[PDB]
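Chemist: I have a structure here, written as structure tokens, and I will follow up with some questions on it.
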Amino acid sequence: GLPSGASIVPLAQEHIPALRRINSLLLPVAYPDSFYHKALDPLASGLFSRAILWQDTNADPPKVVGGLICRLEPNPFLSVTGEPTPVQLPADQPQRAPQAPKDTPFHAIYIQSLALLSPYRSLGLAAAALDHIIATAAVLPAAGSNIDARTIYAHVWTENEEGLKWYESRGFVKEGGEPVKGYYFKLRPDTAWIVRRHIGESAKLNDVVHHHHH
Amino acid sequence: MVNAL
Ligand SMILES: *C(=O)CSCCNC(=O)CCNC(=O)[C@H](O)C(C)(C)COP(=O)(O)OP(=O)(O)OC[C@H]1O[C@@H](n2cnc3c(N)ncnc32)[C@H](O)[C@@H]1OP(=O)(O)O
């Protein structure tokens with residue numbers, strides 16, 4: 001059950017100014033405006049993105065207190081026949097996503113940003129948003145979608161214990177045996193873990209970790 | 001947190 005006053009909704013244009021402010025406060029990577037425009041494009045990051053809203057009293061319009069911006073991608077953790085596989089991280093492209101097999105039928109949901117203002121923490125709100133995303137992925141095929149989302153993943157800065165703990169508590173695992181070097185352009189250190197959770201028809205693979213990569 | 005690429 002959500003705490004009184006909270007709601008979770010698909011991310012919409014009216015939420016972007018506030019979510020951008022929240023990200024600016026809580027995430028030490030400055031995103032360009034294009035990042036937020038793409039978050040409104042169902043073909044870019046405008047399908048699985050969610051706003052976390054709060055109303056102090058029933059007289060107040062709900063306000064954005066957090067959110068997840070997400071992007072659909074080809075799945076880089078599975079073979080084209082569904083086996084778990086070590087990730088491929090081309091050495092000349094560390095700032096790029098792990099490389100998925102060509103023409104895979106499987107998808108991943110990539111969490112580009114996750115943030116929640118501190119007064120609203122420890123209430124299960126971000127976990128509820130994640131569960132809403134997972135449930136959306138589960139019902140999309142029955143709605144006629146060609147999306148087959150088998151994994152959710154993110155990059156987590158190696159200094160961000162708050163984030164690492166959340167992802168671990170939500171059932172994600174560190175993949176590849178080491179963080180990605182040179183992932184961030186300006187942050188020091190520039191390293192980020194790839195964390196991933198297999199879901200849906202692949203949920204039974206969630207505990208199959210590869211402690212190396214290609 | 002994705003990078004700014
Ligand atoms: C790139 O963006 C990915 S890495 C960047 C992550 N963000 C970041 O570091 C920015 C600053 N930090 C945060 O915004 C914030 O710390 C989060 C969003 C990372 C985590 O916030 P919370 O810790 O408040 O997470 P929630 O999921 O909102 O709450 C979880 C805790 O709530 C309690 N709870 C109550 N009911 C629950 C249900 N039904 N399910 C789960 N949890 C529920 C629990 O105490 C839970 O604690 P855990 O220890 O299980 O997380």
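Convention: chains lettered A, B, ... in structure tokens order; per-chain residue numbering from 1; ligands numbered from 1 as shown.
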Within 9 Å of ligand 1, which residues show up when you count only C-alpha atoms and all ligand atoms? List them as a PyMOL selection string, please.
Modeler: (chain A and resi 1-3+22-23+25-28+66-69+111-131+153-157+160-170) or (chain B and resi 1-3)
Chemist: With only C-alpha atoms as the counted atoms, please give the residues lying no more than 8 Å from range 187-203 of chain A, apart from itself and same-chain residues fewer than 4 positions off, as a PDB file with N, CA and C atoms, in the first residue's frame.
Modeler:
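File produced: selection_20.pdb:
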ATOM      1  N   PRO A  28      24.986  13.848  -9.513  1.00  0.00           N
ATOM      2  CA  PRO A  28      26.063  14.763  -9.920  1.00  0.00           C
ATOM      3  C   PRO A  28      26.520  14.653 -11.365  1.00  0.00           C
ATOM      4  N   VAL A  29      25.627  14.313 -12.264  1.00  0.00           N
ATOM      5  CA  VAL A  29      25.834  14.436 -13.694  1.00  0.00           C
ATOM      6  C   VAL A  29      24.796  15.430 -14.183  1.00  0.00           C
ATOM      7  N   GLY A  82      17.907 -16.839 -25.349  1.00  0.00           N
ATOM      8  CA  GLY A  82      17.461 -16.628 -23.990  1.00  0.00           C
ATOM      9  C   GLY A  82      18.428 -17.010 -22.893  1.00  0.00           C
ATOM     10  N   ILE A 134       7.837  -2.947 -13.824  1.00  0.00           N
ATOM     11  CA  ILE A 134       7.907  -4.389 -14.041  1.00  0.00           C
ATOM     12  C   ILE A 134       6.539  -4.945 -14.422  1.00  0.00           C
ATOM     13  N   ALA A 137       5.735  -3.984 -17.993  1.00  0.00           N
ATOM     14  CA  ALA A 137       6.414  -4.884 -18.917  1.00  0.00           C
ATOM     15  C   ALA A 137       5.698  -6.224 -19.013  1.00  0.00           C
ATOM     16  N   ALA A 138       5.166  -6.720 -17.893  1.00  0.00           N
ATOM     17  CA  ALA A 138       4.524  -8.027 -17.900  1.00  0.00           C
ATOM     18  C   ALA A 138       3.224  -8.039 -18.695  1.00  0.00           C
ATOM     19  N   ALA A 149      10.444  -7.386 -22.410  1.00  0.00           N
ATOM     20  CA  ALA A 149      11.443  -6.863 -21.482  1.00  0.00           C
ATOM     21  C   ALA A 149      11.808  -7.927 -20.456  1.00  0.00           C
ATOM     22  N   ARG A 150      13.039  -8.416 -20.545  1.00  0.00           N
ATOM     23  CA  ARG A 150      13.523  -9.502 -19.712  1.00  0.00           C
ATOM     24  C   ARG A 150      14.483  -9.068 -18.610  1.00  0.00           C
ATOM     25  N   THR A 151      14.950  -7.826 -18.641  1.00  0.00           N
ATOM     26  CA  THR A 151      15.910  -7.350 -17.666  1.00  0.00           C
ATOM     27  C   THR A 151      15.703  -5.862 -17.469  1.00  0.00           C
ATOM     28  N   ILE A 152      15.923  -5.395 -16.253  1.00  0.00           N
ATOM     29  CA  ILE A 152      16.029  -3.979 -15.918  1.00  0.00           C
ATOM     30  C   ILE A 152      17.455  -3.755 -15.443  1.00  0.00           C
ATOM     31  N   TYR A 153      18.076  -2.655 -15.865  1.00  0.00           N
ATOM     32  CA  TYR A 153      19.460  -2.419 -15.473  1.00  0.00           C
ATOM     33  C   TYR A 153      19.727  -0.935 -15.344  1.00  0.00           C
ATOM     34  N   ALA A 154      20.867  -0.618 -14.744  1.00  0.00           N
ATOM     35  CA  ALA A 154      21.297   0.746 -14.502  1.00  0.00           C
ATOM     36  C   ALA A 154      22.808   0.763 -14.325  1.00  0.00           C
ATOM     37  N   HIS A 155      23.373   1.968 -14.416  1.00  0.00           N
ATOM     38  CA  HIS A 155      24.738   2.238 -13.976  1.00  0.00           C
ATOM     39  C   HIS A 155      24.677   2.943 -12.629  1.00  0.00           C
ATOM     40  N   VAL A 156      25.561   2.540 -11.730  1.00  0.00           N
ATOM     41  CA  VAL A 156      25.626   3.118 -10.393  1.00  0.00           C
ATOM     42  C   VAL A 156      27.064   3.538 -10.112  1.00  0.00           C
ATOM     43  N   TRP A 157      27.268   4.816  -9.848  1.00  0.00           N
ATOM     44  CA  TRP A 157      28.586   5.322  -9.503  1.00  0.00           C
ATOM     45  C   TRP A 157      29.159   4.552  -8.320  1.00  0.00           C
ATOM     46  N   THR A 158      30.453   4.218  -8.402  1.00  0.00           N
ATOM     47  CA  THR A 158      31.054   3.384  -7.365  1.00  0.00           C
ATOM     48  C   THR A 158      31.125   4.072  -6.003  1.00  0.00           C
ATOM     49  N   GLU A 159      30.999   5.394  -5.950  1.00  0.00           N
ATOM     50  CA  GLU A 159      30.937   6.096  -4.666  1.00  0.00           C
ATOM     51  C   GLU A 159      29.526   6.172  -4.094  1.00  0.00           C
ATOM     52  N   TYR A 167      19.544  -0.690  -5.074  1.00  0.00           N
ATOM     53  CA  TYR A 167      19.492  -1.682  -6.146  1.00  0.00           C
ATOM     54  C   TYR A 167      19.658  -3.093  -5.597  1.00  0.00           C
ATOM     55  N   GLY A 171      16.849  -6.497  -5.574  1.00  0.00           N
ATOM     56  CA  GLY A 171      17.149  -7.724  -6.264  1.00  0.00           C
ATOM     57  C   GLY A 171      18.049  -7.584  -7.467  1.00  0.00           C
ATOM     58  N   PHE A 172      18.704  -6.443  -7.646  1.00  0.00           N
ATOM     59  CA  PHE A 172      19.677  -6.319  -8.713  1.00  0.00           C
ATOM     60  C   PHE A 172      21.028  -6.850  -8.242  1.00  0.00           C
ATOM     61  N   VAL A 173      21.855  -7.264  -9.202  1.00  0.00           N
ATOM     62  CA  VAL A 173      23.205  -7.758  -8.935  1.00  0.00           C
ATOM     63  C   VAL A 173      24.201  -7.007  -9.801  1.00  0.00           C
ATOM     64  N   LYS A 174      25.422  -6.863  -9.291  1.00  0.00           N
ATOM     65  CA  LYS A 174      26.528  -6.335 -10.071  1.00  0.00           C
ATOM     66  C   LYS A 174      26.965  -7.366 -11.091  1.00  0.00           C
ATOM     67  N   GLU A 175      27.084  -6.950 -12.331  1.00  0.00           N
ATOM     68  CA  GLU A 175      27.430  -7.826 -13.433  1.00  0.00           C
ATOM     69  C   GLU A 175      28.784  -7.459 -14.024  1.00  0.00           C
ATOM     70  N   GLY A 176      29.576  -8.482 -14.346  1.00  0.00           N
ATOM     71  CA  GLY A 176      30.803  -8.294 -15.092  1.00  0.00           C
ATOM     72  C   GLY A 176      32.094  -8.376 -14.312  1.00  0.00           C
ATOM     73  N   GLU A 178      33.601  -6.252 -12.354  1.00  0.00           N
ATOM     74  CA  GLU A 178      34.322  -5.010 -12.111  1.00  0.00           C
ATOM     75  C   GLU A 178      33.452  -3.878 -12.613  1.00  0.00           C
ATOM     76  N   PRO A 179      33.654  -2.668 -12.122  1.00  0.00           N
ATOM     77  CA  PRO A 179      32.924  -1.526 -12.671  1.00  0.00           C
ATOM     78  C   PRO A 179      33.504  -1.107 -14.015  1.00  0.00           C
ATOM     79  N   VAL A 180      32.701  -0.340 -14.746  1.00  0.00           N
ATOM     80  CA  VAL A 180      33.118   0.230 -16.020  1.00  0.00           C
ATOM     81  C   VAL A 180      34.040   1.418 -15.756  1.00  0.00           C
ATOM     82  N   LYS A 181      35.260   1.358 -16.291  1.00  0.00           N
ATOM     83  CA  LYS A 181      36.218   2.453 -16.179  1.00  0.00           C
ATOM     84  C   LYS A 181      35.933   3.509 -17.236  1.00  0.00           C
ATOM     85  N   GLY A 182      36.083   4.776 -16.881  1.00  0.00           N
ATOM     86  CA  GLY A 182      35.835   5.822 -17.850  1.00  0.00           C
ATOM     87  C   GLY A 182      34.393   5.978 -18.240  1.00  0.00           C
ATOM     88  N   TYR A 183      33.468   5.547 -17.383  1.00  0.00           N
ATOM     89  CA  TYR A 183      32.052   5.638 -17.699  1.00  0.00           C
ATOM     90  C   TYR A 183      31.576   7.093 -17.676  1.00  0.00           C
TER      91      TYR A 183
END
Chemist: Within 8 Å of residue 4 in chain B, counting only C-alpha atoms, which residues show up once you throw out same-chain ones fewer than 3 positions away? Write them as a list in words, please.
Modeler: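 Listing them by chain and then by number gives residues 29, 30, 31, 32, 184 and 185 of chain A.
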Chemist: Find, counting only C-alpha atoms, the residue in A:51, A:110, A:84, A:136 that gets nearest to chain B.
Modeler: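 Comparing A:51, A:110, A:84, A:136 against chain B, the winner is A:110.
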Chemist: Counting only C-alpha atoms, what is within 12 Å of residue 58 in chain A, bar same-chain residues fewer than 6 positions away, as a PyMOL selection string?
Modeler: chain A and resi 4-6
Chemist: Would you give me, as JSON, numbers by chain, the residues in range 5-201 of chain A that DSSP reads as alpha helix (DSSP H)?
Modeler: {"A": [16, 17, 18, 19, 20, 21, 22, 23, 24, 25, 26, 33, 34, 35, 36, 37, 38, 125, 126, 127, 128, 129, 130, 131, 132, 133, 134, 135, 136, 137, 138, 139, 161, 162, 163, 164, 165, 166, 167, 168, 169]}
Chemist: Between CA of residue 11 in chain A and CA of residue 140 in chain A, what is the distance in Å, rounded to a tenth?
Modeler: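 CA of residue 140 in chain A lies 17.4 Å from CA of residue 11 in chain A.
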Chemist: Show which residues sit within 10 Å of residue 37 in chain A, as a VMD selection string. Count only C-alpha atoms, and ignore same-chain residues fewer than 4 positions away.
Modeler: chain A and resid 13 16 32 to 33 41 44 to 46
